[PDB]
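> Can you keep this structure in mind? I'll have questions shortly.
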Amino acid sequence: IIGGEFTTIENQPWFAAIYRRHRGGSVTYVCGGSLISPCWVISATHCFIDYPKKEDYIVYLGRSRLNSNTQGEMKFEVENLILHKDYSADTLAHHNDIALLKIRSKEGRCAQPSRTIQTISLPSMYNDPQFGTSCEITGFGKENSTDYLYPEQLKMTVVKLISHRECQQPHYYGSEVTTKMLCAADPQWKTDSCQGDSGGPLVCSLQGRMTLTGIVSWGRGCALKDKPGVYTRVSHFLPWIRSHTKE
Ligand SMILES: N=C(N)c1ccc(CNC(=O)[C@H](COCc2ccccc2)NC(=O)[C@@H](CO)NS(=O)(=O)Cc2ccccc2)cc1
């Protein structure tokens with residue numbers, strides 16, 4: 001997150017931190033995610049496309065810091081890694097950037113709701129906020145494009161949803177952006193999501209209720225003028241989500 005502010009898991013209880021184990025003994029941060037049900041975390045497919053091995057991942061809930069523990073945190077293995085079959089990446093655009101991680105503790109249990117661990121609500125079929133609405137994003141991503149390290153403490157910021165027409169302008173993204181994606185940015189181009197925030201949640205208050213509106217996917221640079229962040233439009237994936245979360 002460029003700009004914004006530091007926060008705690010208490011304020012983003014549905015946030016999931018995904019790490020990857022390495023041949024040696026070190027575990028590196030991969031992507032963010034959101035808990036949508038006790039046994040399910042939703043994220044982005046591009047985060048795992050190069051290493052589809054479920055055994056190498058670790059998911060944390062109730063975690064506020066990158067490389068240190070937090071009271072009340074819970075560690076989970078990935079029982080099942082589901083990537084989208086039609087995921088593809090073009091010059092800029094990432095299509096169908098969505099993925100599901102079924103989780104389970106060593107005892108074989110799913111998440112237990114606490115004050116630092118809660119699920120986020122999914123939207124209604126084709127029911128998204130009005131353009132111009134304010135939403136929040138969270139992540140352990142870069143604070144500046146020139147950094148090579150991720151901040152130690154979770155962060156968040158607020159951005160505005162941009163119409164598909166504005167985002168489709170020539171100086172923006174043109175036809176790279178489709179209706180299966182949502183653009184959002186700061187009107188002053190000061191704050192934005194960045195590398196490392198991928199898979200994270202784009203939360204909007206819809207009719208008095210926190211809804212998982214989008215997933216951090218791509219963008220040209222970070223907080224660049226006329227280059228909004230692009231998010232996977234969760235509302236247009238409800239069928240895919242339901243059919244894979246069954247059995
Ligand atoms: N709101 C934003 N401005 C914003 C939001 C989220 C992200 C995270 N996603 C990525 O970085 C994704 C990762 O895809 C890797 C990949 C490629 C191929 C297969 C798998 C994975 N890539 C992009 O977006 C590309 C276009 O496809 N543009 S960029 O190179 O300009 C991103 C960047 C900016 C500063 C420093 C390093 C990289 C970046 C920017």
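Numbers here mean position along the shown chain, with the first residue as 1.
When the header is checked for method, it gives X-ray crystallography, 2.4 Å.
Placement of Cβ uses the backbone N, Cα and C atoms for every residue, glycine included.
Look at Swiss-Prot and you will find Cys31-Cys47, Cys39-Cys110, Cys135-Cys204, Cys167-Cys183, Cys194-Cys222 tagged as disulfide bond. For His46, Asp97, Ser198, the entry in Swiss-Prot reads active site, charge relay system. Here Swiss-Prot flags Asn144 as N-linked glycosylation site. Annotation comment: Swiss-Prot describes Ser145 as phosphoserine.
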> Mind running the recorded positions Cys39, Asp97, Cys135, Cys222 against ligand 1 and keeping the ones whose CB falls under 6 Å of it?
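So the answer is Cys222.
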> Out of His46, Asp97, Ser198, the active-site residues in the record, which is closest to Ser145 (phosphoserine) when you go by Cα distance?
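Of all the candidates listed, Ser198 is nearest in space.
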> Hey, which of the disulfide-bonded residues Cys31, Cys39 is the loneliest by Cβ count within 10 Å?
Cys39
> State the Cα to Cα distance, in Å, between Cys194 (disulfide bond) and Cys204 (disulfide bond), rounded to an integer.
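Spelling it out, the Cα of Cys194 (disulfide bond) and the Cα of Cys204 (disulfide bond) are 19 Å apart.
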> So which of the recorded positions is most packed in, judged by how many other Cβ atoms lie within 10 Å of its Cβ, out of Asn144, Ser145, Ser198?
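Checking each of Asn144, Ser145, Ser198, the winner is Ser198.
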> Just checking the disulfide-bonded residues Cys31, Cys39, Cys167, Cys204: which sit within 10 A of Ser198 (active site, charge relay system), CA to CA?
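The disulfide-bonded residues passing the 10 Å Cα test are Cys31.
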> For the C-alpha pair, I'd like the distance in angstrom between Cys183 (disulfide bond) and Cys110 (disulfide bond), rounded off.
33
